[PDB]
Amino acid sequence: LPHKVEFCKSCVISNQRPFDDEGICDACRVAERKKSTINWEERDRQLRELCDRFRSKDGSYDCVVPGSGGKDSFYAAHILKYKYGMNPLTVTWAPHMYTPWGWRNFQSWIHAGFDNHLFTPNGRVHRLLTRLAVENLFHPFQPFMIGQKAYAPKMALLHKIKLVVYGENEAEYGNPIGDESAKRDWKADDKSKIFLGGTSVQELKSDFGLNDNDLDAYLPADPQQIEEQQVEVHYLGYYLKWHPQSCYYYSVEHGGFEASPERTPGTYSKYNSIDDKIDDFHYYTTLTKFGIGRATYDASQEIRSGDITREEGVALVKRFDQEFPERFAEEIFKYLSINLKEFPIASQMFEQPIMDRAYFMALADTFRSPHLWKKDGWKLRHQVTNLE
Amino acid sequence: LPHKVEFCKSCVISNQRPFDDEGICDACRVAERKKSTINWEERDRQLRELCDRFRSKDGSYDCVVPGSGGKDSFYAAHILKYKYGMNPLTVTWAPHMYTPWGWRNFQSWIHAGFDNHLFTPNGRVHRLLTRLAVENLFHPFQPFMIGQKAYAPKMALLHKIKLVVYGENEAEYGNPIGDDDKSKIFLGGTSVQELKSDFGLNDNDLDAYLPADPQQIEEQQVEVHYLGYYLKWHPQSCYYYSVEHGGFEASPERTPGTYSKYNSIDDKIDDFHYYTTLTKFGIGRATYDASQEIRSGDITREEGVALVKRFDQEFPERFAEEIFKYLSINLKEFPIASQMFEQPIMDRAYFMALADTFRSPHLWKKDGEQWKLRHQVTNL
Ligand SMILES: [Zn+2]
Ligand SMILES: [Zn+2]
């Protein structure tokens, strides 16, 4: 039985996303606590000492910066190279489907002065795992994120680079390192012990025509090798005050970063996560499953940053959160389609291998919980509201 | 003093490209020798036990297939995986500038069932080295080719893969295998010493162009094989195969300087590459395409001659302006290197003037304001 929907009284987020005694999410408390307790000058000195520790004296890379060429990864790599005198190799786990602006931003990243190693996993395997994750979990990104989180550490192992810097805030407030990942390497020995897109590796090979090579790209970094090679993952948001709007204007100035030419569906923003077309369906699934769409996440980030008030947040959520993303829907349906030509085995496992709109909407219904949705000739039972 | 231009009597190529006693290029004789002496069934058997030797059982990659997702690299990876039961990692040294169809073909490659590791070198460094190679050698691809040739062996070392298979004919006919003072080493006609000294580069900027460590190659038993040794390589076959199995997309329009639509269509700078070879050697893209098709038996020397006469001297206008911008070394992106150039921002007039400085009078004669070739290939 699911929890009754309550909204946080600082941001516009709900308790459904996968609160304290004043009804405030941990996220608002961490942001507000950081906006008093953090001395950014002494964090700047810690960054300069970390760079001194790792900076390469020869012509080798001293730094791995993962990212898609979005405003955050652009800021991270650009400030590490041209302000802290680092030599980052940039590395990209490929999106499902490049947006035009997303591809231009990836190129602008490279053309700001960076080598880039882009890994694009087997497109057939990726589509099958994405379709399975949509069918089983209504979570297209589930397999993708397993590969993404593994990629940068594995790339540091391959190029024998020790330092990995993510252009985002730390996972644990106060700690610039993350290290938990070892539990991913164990998850194994058995058939139905490991899972991918809500399907066991055993049944992927058994029934969907996959082999162990098709899954090599998704395996986590070997923790023995990580420890052995002294690979350290750092979060640049620990060391530098991370402000998305600042990263946008910085990336426009120094890189020619291009915002989405039109408003991102489901939200009001134009420069948050704009490289992957399937991003649209990701926020539709979370909306369907948890009653909170993309405008909720964007407005919550902007309320904590101090760029908007909770009242403007509530107005934006009300206007945009329930918008369906039509622009790429048809390409995405084709991407999710498991045809006989490309998938001689896997295609037969699906009742409707070729996805259309009606099938996707029917599938969405099966993830729409009646404690969040009531029909109107659908509508949220509970929308975020302004404070009393 | 340069050699007087003679054309080969089998194909339509000249002796200027960087002949025997019947006036036949070595390339025509080697194609003739191959279409007689080669038992392709026995070459197929040799391929099957190259594959047996290297095939991986533990679900790791057992081979590296380099390429851009053009018809050849598509064929190589697709036939190795789906016919010879290999598990290739595909590997791409990025082009200067993706064509739209080129990028869609690279994606079609990945979506035919291949993991791909794409290396895109520092775009500023690449533009500066390409502009230098254009100024000094009239050879935009020179630094690109150094990096490209190094890439696949280095990738085999990184992923700890032993077998590298190029989707092309062998370099040496008959064998399928390939075998401190900064003012000594050169890149785009410029020494490493002067690149760092005067153009604002460091050792890291040039790391991507360094060759594979030969000690590491020998130690890890990395073998480069050429698939054209083992399989009868026919460009047009690779095209129709790649269309059938991958949705390979030809150029929507005829490639400038030639008649073809699916030979090397991924890099916009490919246009200027064939213009420079024409300017320096009197032979453009139609000469290379027609010569290949004459040896394959698909056209006669006379059709070749007609195609060279109509297409070889075409200037590639479609991407000219984007390429001039690509070669432009502005102050924002190159605060140091920009000042080294008399005209940092390239335009058409500067490119044409620079071309003139490479147009040798033993190959080109003026006719009013139109350059014409002193010697064009003839039917004979
Ligand atoms: Zn909150
Ligand atoms: Zn010849």
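All heavy atoms count here, side chains included; hydrogens, waters and symmetry mates do not. The sequence lines fix the lettering, A, B, ..., with proteins before strands; numbering per chain opens at 1.
- Neither the backbone nor the side chain of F334(B) comes within contact range of chain A; no heavy atoms are under 4.5 Å apart.
- Within 6.0 Å of CD in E219(B) there are more than 12 heavy atoms belonging to other residues, nucleotides or ligands.
- For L206(B), no part lies under 4.5 angstrom from a heavy atom of chain A.
- When the shell of 6.0 Å around NZ of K334(A) is examined, it contains more than 12 heavy atoms from other residues, nucleotides or ligands.
- Legend: residues meeting side-chain hydrogen bond (donor to acceptor under 3.5 Å, both in side chains) with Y241(B), ordered by chain and number and at least two apart, are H78(B).
- Contact of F114(B) with chain A is made through the backbone alone, with heavy-atom distances under 4.5 Å.
- There is no contact between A94(B) and chain A, counting heavy-atom distances below 4.5 Å.
- Heavy-atom distances place no part of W109(B) under 4.5 Å from chain A, backbone and side chain included.
- Taking the side-chain hydrogen bond (donor to acceptor under 3.5 Å, both in side chains) definition, one finds that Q216(B) meets it with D213(B), sequence neighbours left out.
- At a 4.5 Å heavy-atom cutoff, the contact between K81(B) and chain A is made by side-chain atoms alone.
- Listed options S108(B), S56(B), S60(B), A112(B) were ranked by heavy-atom pairs under 4.5 angstrom with chain A; first place goes to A112(B).
- Taking each heavy atom of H159(B) and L158(A) in turn, the nearest pair found is CE1-CD2, 3.3 Å.
- For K332(B), the part lying under 4.5 angstrom from a heavy atom of chain A is the side chain only.
- Counting only distance, with no hydrogens or angles, the side chain of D212(A) and the backbone of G59(B) share no donor-acceptor pair below 3.5 Å.
- To the nearest 0.5 angstrom, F119(B) atom CZ is 6.5 Å from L89(A) atom CG.
- Neither the backbone nor the side chain of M97(B) comes within less than 4.5 Å of any heavy atom of chain A.
- Using a 4.5 Å cut-off between heavy atoms, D216(A) touches chain B through its side chain atoms alone.
- For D115(B), the side-chain hydrogen bond (donor to acceptor under 3.5 Å, both in side chains) partners two or more places apart in sequence, or in a different chain, are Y61(B).
- Residue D62(B): no heavy atom, backbone or side chain, is found under 4.5 Å from chain A.
- Between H117(B) and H117(A), the ring planes lie parallel to each other; the angle is under 30°, not in the 30° to 60° tilted range.
- The greatest number of non-hydrogen atom pairs below 4.5 Å with chain B, out of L118(A), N211(A), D58(A), is found for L118(A).
- Note that OH of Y326(B) and NE2 of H111(A) are 5.5 Å apart. Values are rounded to the nearest 0.5 Å.
- With values rounded to the nearest 0.5 angstrom, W103(A) atom CH2 is found 8.0 Å from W103(B) atom CH2.
- Listed in order of number, the residues of residues 120-132 of chain A that approach chain B to under 4.5 Å between heavy atoms are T120(A), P121(A), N122(A), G123(A), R124(A), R127(A).
- Contact of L157(A) with chain B is not made at all, since no heavy-atom distance falls under 4.5 Å.
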